[PDB]
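The next block holds one structure in the form of structure tokens; read it before the comments.
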Amino acid sequence: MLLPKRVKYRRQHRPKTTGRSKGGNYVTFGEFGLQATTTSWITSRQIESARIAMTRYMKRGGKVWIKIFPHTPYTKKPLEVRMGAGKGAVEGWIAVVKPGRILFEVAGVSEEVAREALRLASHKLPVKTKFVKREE
Amino acid sequence: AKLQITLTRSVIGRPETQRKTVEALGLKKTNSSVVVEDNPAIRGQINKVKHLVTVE
Amino acid sequence: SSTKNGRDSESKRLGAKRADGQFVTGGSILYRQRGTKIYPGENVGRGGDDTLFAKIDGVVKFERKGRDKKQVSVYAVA
Amino acid sequence: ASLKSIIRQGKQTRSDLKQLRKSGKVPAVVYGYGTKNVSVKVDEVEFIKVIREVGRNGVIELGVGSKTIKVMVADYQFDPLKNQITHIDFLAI
Amino acid sequence: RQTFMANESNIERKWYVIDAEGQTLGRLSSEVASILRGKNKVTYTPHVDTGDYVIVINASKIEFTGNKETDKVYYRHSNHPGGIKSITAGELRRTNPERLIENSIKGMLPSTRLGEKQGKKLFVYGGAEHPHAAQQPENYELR
Amino acid sequence: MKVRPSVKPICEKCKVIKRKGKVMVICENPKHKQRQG
Amino acid sequence: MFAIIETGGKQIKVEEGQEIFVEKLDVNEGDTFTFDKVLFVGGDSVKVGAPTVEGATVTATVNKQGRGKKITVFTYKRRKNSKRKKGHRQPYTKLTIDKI
RNA sequence: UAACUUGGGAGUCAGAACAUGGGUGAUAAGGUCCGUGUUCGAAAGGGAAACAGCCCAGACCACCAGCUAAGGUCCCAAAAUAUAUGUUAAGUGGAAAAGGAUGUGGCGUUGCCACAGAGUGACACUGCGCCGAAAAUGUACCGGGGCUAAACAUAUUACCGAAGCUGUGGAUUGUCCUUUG
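Protein chains in written order, with the entry's author numbering: chain Y, 1 to 136; chain M, 2 to 57; chain I, 16 to 93; chain H, 2 to 94; chain V, 2 to 144; chain R, 1 to 37; chain D, 1 to 100.
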């Protein structure tokens, strides 16, 4: 479960969620990558679910690189409460994925088995993906 | 004496900033016309209200 | 379910009080600040609250004092 | 294989650049020795073909200003979403 | 002032007959609604009916475009709880051919006291003959 | 006959066809018969 | 034989010996008037063109200069205490086309 | 073409929606609290089928005159069954996503020149459609009839259309005294 060991402020404003990604648009570590074509929030629990389903198809073949990390925390008020009377409490940690950012990277395998591994990892995420390679 | 500006669209539903530019050109009613000599100062005014007036 | 926040202080109107190239009197205030964001140039004093005021009449001009610093001066008319 | 290129004068508006990236052309600039940053245009599919022959670090016999100049590709911008280039730089030797 | 209006005295109505062999339902009903209303002549006079009598023979062989013989359903209620009936378009042409054509035209006329007297000038027959031979109806080509 | 919105071939023998505007999968084994995908 | 003349911003079809009502005229009662702008002459005579035919003026004698019946202009807004009533009598002039 | 100063008399301190930049809530509410515009409030008229807040436009009075705006031109219902060139078979238009698929066009890539003879495999990249898609009085998310063009794109010509504007008379106030006007 990815989460920072310490943060300065537990309660922060939600990210913008609109626009385009700043960096991480190319494949640098591995060979075959996984792009994103839709914007959404990727919870840390959805990362461990996709990482296990991916590295299992490759028993001991190669290495996987997680390129994102859940820095921003989100809050949620308890059940059966009216509006106001303060803010909520931390419930999880999210990231911001915009069209163009690589999510996972895989190396050490063949091209025919890299497509099947990155396919099972895309059904666990709430965004649409595209299989990409290293640029010439 | 070489430019004629007429008012086509109405000023209802327009920002107050653009209503002062039409008043500074001498266009009171709709479809009203004026004659002015071209210059950097008068040209920049109709460039602000381009979507409200047409120049011949 | 009470909170502990909600308190703030009154806003202190800081910043420039006179524009550039404007005629000022001999006791007008040019700048309110906390610290030294702008240094006192010639014909401009410095108050006990880091306020910048002018000593003489004339036009006020903002200049640059070296690298990453600036100052403000007052020159007499004509 | 040689880059048959044309020139564009004036200041190209934002619409014409979008219309240039759709007709199959790519803008480029030659800022070598004496060229004086001459803005130039080039085809898209004929650029991918020639760089495969000579390589990423090879010279090009580009024709700009109705004359031959030996230039190489210094750096280029790439849009990863639509797997195509958007701009080329030419550093003459 | 200076505009002419037609009253009950100066009105002349003619009898026409239309052939519906090989024509579309909606394309034919629209032009017949113009003949019944009276917008074909220069003495319109909206508050007075100046239309002409029209007769539509061969009510069968009315053509549809697309899957309309099956996917077009005619609904009607009967003011009773749960009572609702439905008849497809292909079945209506087989049992009651004239009703399919007569209702498509009456749906284009205005629903007023005068718009009801105009709809009574229509006579639709499934066969190729009409009984009203006493009058002299002239054939009419739709445009 | 399975009725699932995601109809896919299972083995090398099955085949995908279209009948009356619907994706069908007819296979030699009666087990791999799907519809409406 | 009729003619179409433009008199007071509108157009009227006239005939010999006819009583027409038009907008107010500066002529006196009992005098004569002459319409200069004729747009169309037809009927029994030969057809002519437009916008204005050559000559072919119309002469007519003035009969009476009076006012029409009075109307009452009343408007109001509901739940808003604001109503206003006016009156109006529009003047007119009657002529008789003696020669076309 | 307004601004500032002096004095007389006030009303107002419950605001609303819409577009947009943001807190709070659950990137819920016709929610709630701030910044910046518009309309309503205090605004008639035309359009959105009916609909204070959305689009067009600000009613001094009279007329059986003319020209346009937003929206429109088969019938209801005023004006093209207008012209050229393509797409779509679902009644899509005229309700919904992950996902699935030899539906059908347009521009490309590339290896065998066979797969069972002139054709043939596998991908990238886009246009428009299909499945996923079940609610309670009655068809019932086109306003109705009805429509494979009267649908959707694209490039040109006409016309309809408001209390807007012009035309022709008339009633007031104000301002130039070009004309006791």
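All C-beta atoms in this analysis are idealised placements derived from N, C-alpha and C, irrespective of residue type, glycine included.
When only Cα atoms are considered, D/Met1 and V/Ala134 end up about 44 Å apart.
Of the candidates H/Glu54, H/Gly35, H/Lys42, the residue whose Cα lies closest to the Cα of H/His88 is H/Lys42. Around the beta-carbon of V/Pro98, 16 or more other beta-carbon atoms lie within 10 Å, marking it buried.
With at least 16 other beta carbons inside 10 angstroms of its own, Y/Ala121 counts as buried. Scanning the stretch 48-88 of chain H from its first residue to its last, the whole beta strand (DSSP E) runs of 3-plus residues come out as 61-65, 68-80. When C-alpha distances from R/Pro30 are compared across R/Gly37, R/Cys14, R/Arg4, the shortest belongs to R/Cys14. Three or more Cβ pairs drawn from the stretch 8-22 of chain Y and the stretch 86-104 of chain Y lie within less than 8 Å of each other, which places the two stretches in contact. In the three-state reduction of the DSSP assignment, H/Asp17 falls in the helix class. Annotation: the continuous alpha helix (DSSP H) that includes M/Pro41 extends over 41-47.
For V/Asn104, there is no enclosing beta strand (DSSP E); the residue is found in the alpha helix (DSSP H) stretching over 98-107. Contact of I/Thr18 with chain Y is assigned, a C-beta pair being separated by under 8 Å.
Taking a Cβ-Cβ cut-off of 7 Å, Y/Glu31 has no neighbours in chain H, whose nearest Cβ is about 16 Å from it.
Not one beta carbon of chain H lies nearer than 8 Å to the beta carbon of Y/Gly19. Approximately 38 Å separates the beta-carbon atoms of V/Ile12 and V/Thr66; this is outside 8 Å, ruling out the contact. Sequence-distant partners of Y/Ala53 (beyond 5 residues in either direction) whose C-beta falls short of 7 Å from its own C-beta, in its chain, are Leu120, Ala121, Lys124.
Identification of chain Y residues near H/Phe48 by a Cβ-Cβ cut-off of 7 Å yields none; the smallest Cβ-Cβ distance measures about 12 Å. Its Cα nearest to that of Y/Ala117, the residue Y/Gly33 stands out among Y/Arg6, Y/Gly86, Y/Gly33. DSSP, read as helix, strand or coil, puts Y/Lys16 in coil. In the DSSP assignment, no residue is bridged to Y/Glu80. Residue-level contact by beta carbon holds for Y/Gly86 and chain I, with a gap shorter than 8 Å.
Distance from the CA of D/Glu23 to the CA of D/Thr93, rounded to the nearest whole angstrom, comes to 6 Å.
Between the alpha carbons of H/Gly33 and H/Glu62 lies a distance of about 14 Å. The beta-bridge partner set that DSSP reports for V/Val57 consists of V/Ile19, V/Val125. Along the stretch 59-93 of chain H, going in chain order, the ones with a CB nearer than 7 Å to a CB of chain Y are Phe79, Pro81, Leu82.
Between D/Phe40 and D/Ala50, the beta carbon gap of about 6 Å places them in contact (Cβ cut-off 8 Å). The shortest CA-to-CA distance from I/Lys19 to any of Y/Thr55, Y/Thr43, Y/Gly86 is the one to Y/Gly86. A check of alpha carbon separations from Y/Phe131 across H/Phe91, H/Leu82, H/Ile86 identifies H/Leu82 as the nearest. A Cβ of chain H is located within less than 8 Å of the beta carbon of Y/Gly100. Under the DSSP assignment, Y/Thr55 falls in the alpha helix (DSSP H) whose first and last residues are 44-55.
Here Y/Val27 carries a coil assignment [DSSP, helix/strand/coil]. Per DSSP, the unbroken beta strand (DSSP E) holding D/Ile4 starts and ends at 3-6.
A straight line joining the alpha-carbon of I/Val74 with that of I/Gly60 spans about 15 Å. Among the CB atoms of chain H, one or more fall inside 8 Å of the CB of Y/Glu135. Two segments are said to touch when three or more pairs of C-beta atoms, one from each, lie closer than 8 Å; by this definition the stretch 33-47 of chain I touches the stretch 65-79 of chain I. Under the DSSP definition of a beta bridge, R/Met24 partners with R/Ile17, R/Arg35.
Short of 7 Å from the beta carbon of D/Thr72, and not among the five residues preceding or following it, lie these beta carbons of its own chain, in chain order: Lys85, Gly87.
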